[PDB]
Amino acid sequence: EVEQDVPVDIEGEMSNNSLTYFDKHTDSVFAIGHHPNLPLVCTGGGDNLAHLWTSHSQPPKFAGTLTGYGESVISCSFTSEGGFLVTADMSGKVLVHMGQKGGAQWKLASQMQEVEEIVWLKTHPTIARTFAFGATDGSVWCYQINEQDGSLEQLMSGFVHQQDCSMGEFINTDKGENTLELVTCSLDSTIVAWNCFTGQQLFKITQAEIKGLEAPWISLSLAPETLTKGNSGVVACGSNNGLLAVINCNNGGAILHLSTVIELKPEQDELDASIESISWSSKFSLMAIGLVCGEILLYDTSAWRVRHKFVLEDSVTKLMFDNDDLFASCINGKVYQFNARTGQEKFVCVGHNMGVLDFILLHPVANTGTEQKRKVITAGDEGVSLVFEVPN
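Residues numbered from 1 in each chain as written, not as in the entry; some residues may be left out. Heavy atoms only, no water.

- Method of determination, as given in the entry header: X-ray crystallography; reported resolution: 3.35 Å.

As structure tokens, then:
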């Protein structure tokens, strides 16, 4: 089997292939979110603002501005049932907006300023009115939103991590609404799983459990039940120095795989090995990992061997699998589309003259007969969101 590099390209290629856009941001578009059911987009930004606008219209229909941020809005996250909108900035402010008048108006329900800076905040993918966030002090917080008014409800407030709590992901999502599990990571090379309700550490991986190795963590990704066969707790972790760990959250964080992704040169920035994004093909049993050096390493989840390597002109910012395809946002300003199965560069989103920091994948809800194109909405370093019709 695999010992040989199998790279593809990314061939070297005013245009602009964009469909429509959003330029209300007067600095970088940091966060990008979308309503579960409504065609409502939410952008966060370097301008201390969160803007709402429609995905369905060319040009987007402007739905208003959410205000009260003390710094850069670094997270726009909707609730599972879509009737609440969690917002979080780099001054530690969190804001809850309640979907009013059919989801048109978004009244400010509640807010908090529990930390000095939030590093990330996601909402529960299945469990209604639930969210969690991590701070620069390494604290992990989990809250619930009251269905009536939108009053906050704290579940846990764990100060386990030593460095900044880098990222987190909910697990065992499909395993009920009374089963709130969350995995968080930090720069002190620590990974902890928690029972959001009780608030206690299920398990805690330290430097000791990983061959002693110093590994400041940066990204986490949950493997869907379709490449685990019922294991709703398989998480992929990637360090800032190239270490990739795959954990069995259900067997006390058992290390299924632990390896360096790239063998860096002496000269090469130690950072260039940073695993900036992780994603799994739900359909296919593959696991793409994106590096600062612009390398994408598509793994076969069974063998745990690299299928295809991809080199980009700049840093990978976000990897996202959709159906048969692999999408990649690069700091050059391009969003790239690949055939996960084959490696074949399907399409390239062009237009941004500054890095694409984040993205979303929109789907044609209606297959009454005619099946429209999937959409790609981006978060631009320039403070512009672009809409792209993408093949299939």
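Some remarks on the overall build of the chain
At step 1: When its secondary structure is counted, the chain shows 0 helices and 32 strands.
At step 2: For the chain, whose C-alpha radius of gyration is 20 Å, the value lies close to the compact-globule estimate of 21 Å for 392 residues.
At step 3: Judged by the C-alpha coordinates and their principal axes, the chain covers about 60 × 55 × 45 Å.
At step 4: Relative to its 392 residues, the chain shows a buried fraction of 56%.
At step 5: Accessible surface, the chain: about 16,200 Å² in total, of which carbon and sulfur atoms supply 47%.
At step 6: Across the chain, the 23 positively charged side chains and the 47 negatively charged ones have centroids separated by 8 Å. (Helix = DSSP H or I, 4+ residues; strand = E, 2+ residues; numbered from the N terminus. Rg over C-alpha atoms; globule rule 2.2 N^0.38 Å. Buried < 20%, exposed > 50% of the residue type's maximum accessible area, 1.4 Å probe, protein only. Areas by Shrake-Rupley, 256 points an atom, 1.4 Å probe, with all protein chains shown as cover. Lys, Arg positive; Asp, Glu negative; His and termini not counted. Charge placed at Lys NZ, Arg CZ, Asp CG, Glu CD.)

A few points about the pairing of strand β29 (residues 345-349)
At step 1: Across the 5 residues of β29, 4 count as buried, placing the element largely inside the fold.
At step 2: Pairing of strand β28 (residues 335-339) with β29 involves 4 bridges; the strand directions are antiparallel. Bridge pairing in β29 places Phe338 opposite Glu345.
At step 3: Connecting β28 to the antiparallel partner β29 that follows it, the hairpin turn spans 5 residues, and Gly343 within it adopts a positive phi of roughly 95 degrees. (Pairing = 2+ DSSP bridges.)

Quick word on the nonpolar core
At step 1: Core analysis: the biggest nonpolar cluster contains 19 residues, and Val261, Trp280, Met287, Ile289 and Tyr299 have the highest contact counts within it.
At step 2: Contributing elements (two or more residues each) for this core: β19 (234-239), β20 (243-248), β22 (275-281), β23 (286-291) and β24 (295-300).
At step 3: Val261 has contacts with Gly242, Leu244, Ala273, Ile275, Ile289, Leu291, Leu297 and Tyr299, leaving out every residue within four places of it along the chain. (Core = buried A, V, L, I, M, F, W, Y, C linked by side-chain atoms within 4.5 Å. Contact = heavy atoms within 4.5 Å.)

As for the sheet that holds strand β14 (residues 165-171)
Within a sheet, each strand pairs with its neighbour through backbone hydrogen bonds, oriented either parallel or antiparallel.
At step 1: The strand order across the open sheet formed by 4 strands is β14-β15-β16-β17, and the pairing between neighbours is antiparallel. Looking along the sheet, the strands with just one partner apiece sit at the ends: β14 and β17 (201-205). Averaged over neighbouring strand pairs, the angle between their axes works out to 15 degrees when direction is ignored.
At step 2: Where strand β15 (residues 181-186) and strand β16 (residues 191-195) come together, 5 bridges link them in antiparallel fashion. Within the sheet, the bridge partner assigned to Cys185 lies in β16 and is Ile191. (Axes fitted to C-alpha atoms, helices over the stretch in contact; angles between N-to-C directions.)

Concerning the environment of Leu155
At step 1: The topology assignment puts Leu155 in strand β13 (residues 152-158).
At step 2: Non-local contacts of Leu155, meaning those with residues more than four positions away in its chain, are made with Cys142, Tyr143, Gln144, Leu180, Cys196 and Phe197.

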